[PDB]
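Peer 1:
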Ligand SMILES: Cc1c(Cn2c(=O)c(C(=O)O)cn(-c3ccc(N4CCNC4=O)cc3)c2=O)cccc1C(F)(F)F
Ligand SMILES: *[C@@H]1O[C@H](CO)[C@@H](O[C@@H]2O[C@H](CO)[C@@H](O)[C@H](O)[C@H]2NC(C)=O)[C@H](O)[C@H]1NC(C)=O
Ligand SMILES: *[C@@H]1O[C@H](CO)[C@@H](O)[C@H](O)[C@H]1NC(C)=O
Ligand SMILES: [Zn+2]
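Numbering (mature numbering (1 follows the signal peptide of the UniProt record, and there is no 0)), first residue to last: 3 to 110, 122 to 228.
Here you go:
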C-alpha cells in the first residue's frame with residue numbers, strides 16, 4: 003500500500019495474509035478476505051502449489067494469540083481465468099477447518126478503501142503492518158491504457174493525480190466501498206502510477222455462490 007496509513011490493529015478482521023508456495027521459487031505473498039468461516043476470496047494470480055492463510059494479523063512478523071494460521075485444502079481458480087489478459091482474476095480458497103470467530107477474526122466517483130501488507134513504495138519492501146488507503150473509483154476510460162481492461166469485468170481504481178495506490182503484495186485483497194467488498198486487487202503499472210485494475214466482484218457473484226453451495 004502506497005501513500006496509506008497503518009490500520010488500527012485488528013480493525014479489519016476479515017483480512018487474510020496468504021503465503022503462497024511454488025515448487026521452483028521462494029514464497030510469494032498476497033492478500034485476501036474471509037467471506038465464510040472456511041472460505042477466503044483472493045486473486046487467481048495468487049494460486050500456487052499450496053497456500054497458508056494467516057487470519058488475525060496486524061504486524062505479520064510478531065506472532066500473537068489473535069493469529070490463526072490455517073491450511074488450505076483446495077484452490078478454486080475461476081474456470082475462465084486467463085494468465086495473459088488476467089480476466090476472471092478471482093479465486094476461492096477452502097480452509098481445512100472453519101476459522102474461530104474472534105474480535106480479530108470475522109467474515110465480511123465514490124471513494125473506496127483497500128488494505129494490505131504490500132510494499133509502501135516501488136523500491137520499498139513489503140509492510141510489517143497492515144496498511145489502508147482511500148482510492149477513487151474511476152470511469153473506465155481512465156484505465157483504457159490497460160489494453161485488456163474491461164468495464165463489465167473490472168473496476169478502475171485510483172486517481173492518477175495522486176500517488177495513493179495498492180502495489181506489489183496487495184494482490185487479492187478487497188476494495189471496500191461504503192462497507193461492502195466490491196473489488197479484488199488485480200494489477201497495475203510497475204511504476205505504481207494510478208490507476209490500477211481490480212476484479213469486479215459483482216460479475217462473479219453467481220460463480221462464487223456455485224462454489225460455496227458445492228463445498
Ligand atoms: C499489483 C499491482 C502492481 C504490480 N504489478 C507490477 O508490479 C508489474 C511489474 O512489471 O513489476 C506488473 N504488473 C502487471 C501489469 C499488467 C499485467 N497484465 C495486463 C494484462 N495482462 C497482463 O499480464 C500483469 C501484471 C503488476 O500488476 C502494480 C501497480 C498496482 C498493483 C495493484 F494495484 F494491483 F495492487
Ligand atoms: C513489528 O514487529 C517487529 C518484530 O517484533 C518489530 O521489529 C523491531 O523493530 C525495531 C525498530 O523499530 C528494531 O530495532 C528491533 O530490533 C526489531 N525487533 C525485532 C525483535 O525484530 C517492528 O518494529 C514491528 N513493527 C511495527 C509494530 O510497526
Ligand atoms: C488467453 O487470452 C489470449 C489472448 O486474449 C487467448 O488467445 C488465449 O486463448 C487465452 N489463453 C488461455 C490459456 O486461457
Ligand atoms: Zn493483536
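Just so you know, even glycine gets a beta-carbon here, dropped at the ideal spot from N, CA and C.
#1: Within 10 angstroms of the Cβ of residue 117, are there 16 or more other Cβ atoms? Answer buried if so, exposed if not.
#2: With a threshold of 16 other CB atoms inside 10 Å of the CB of residue 89, please say whether the residue is buried or exposed.
#3: What is the DSSP secondary structure of residue 221, reduced to helix, strand or coil?
#4: Just to confirm, does residue 134 get its C-beta within under 7 angstroms of one of the non-hydrogen atoms of ligand 1?
#5: Under DSSP, the beta strand (DSSP E) around residue 77 begins and ends at which residues?
#6: How would you write the range of the beta strand (DSSP E) that residue 195 sits in, first residue to last?
#7: Can you look up residue 11 in the DSSP assignment and give me helix, strand or coil?
#8: When you measure from the CB of residue 180 to every non-hydrogen atom of ligand 1, does any distance come out below 7 angstroms?
#9: If you count every other CB in all the chains shown that lies within 10 Å of the CB of residue 199, and 16 or more means buried, which is it?
#10: What is the DSSP secondary structure of residue 208, counted as helix, strand or coil?
#11: How about residue 36 and residue 57: are their beta carbons less than 8 angstroms apart?
Peer 2: Quick answer:
#1: Since the chain is numbered 110 and then 122, with no step between, residue 117 has no place in the structure shown.
#2: By the 10 Å Cβ count, residue 89 comes out buried.
#3: Three-state result, residue 221: helix.
#4: Residue 134: no, Cβ never under 7 angstroms from ligand 1.
#5: Per DSSP, residue 77 belongs to the beta strand (DSSP E) from 70-79.
#6: In the DSSP annotation of this structure, the continuous segment of the beta strand (DSSP E) that includes residue 195 starts and ends at 193-200.
#7: Three-state DSSP puts residue 11 in coil, outside helix and strand.
#8: Yes, Cβ of residue 180 sits closer than 7 angstroms to a heavy atom of ligand 1.
#9: Buried: at least 16 other Cβ atoms inside 10 Å.
#10: Coil, per DSSP.
#11: Taking the C-beta atoms as reference points, residue 57 is found nearer than 8 angstroms to residue 36.
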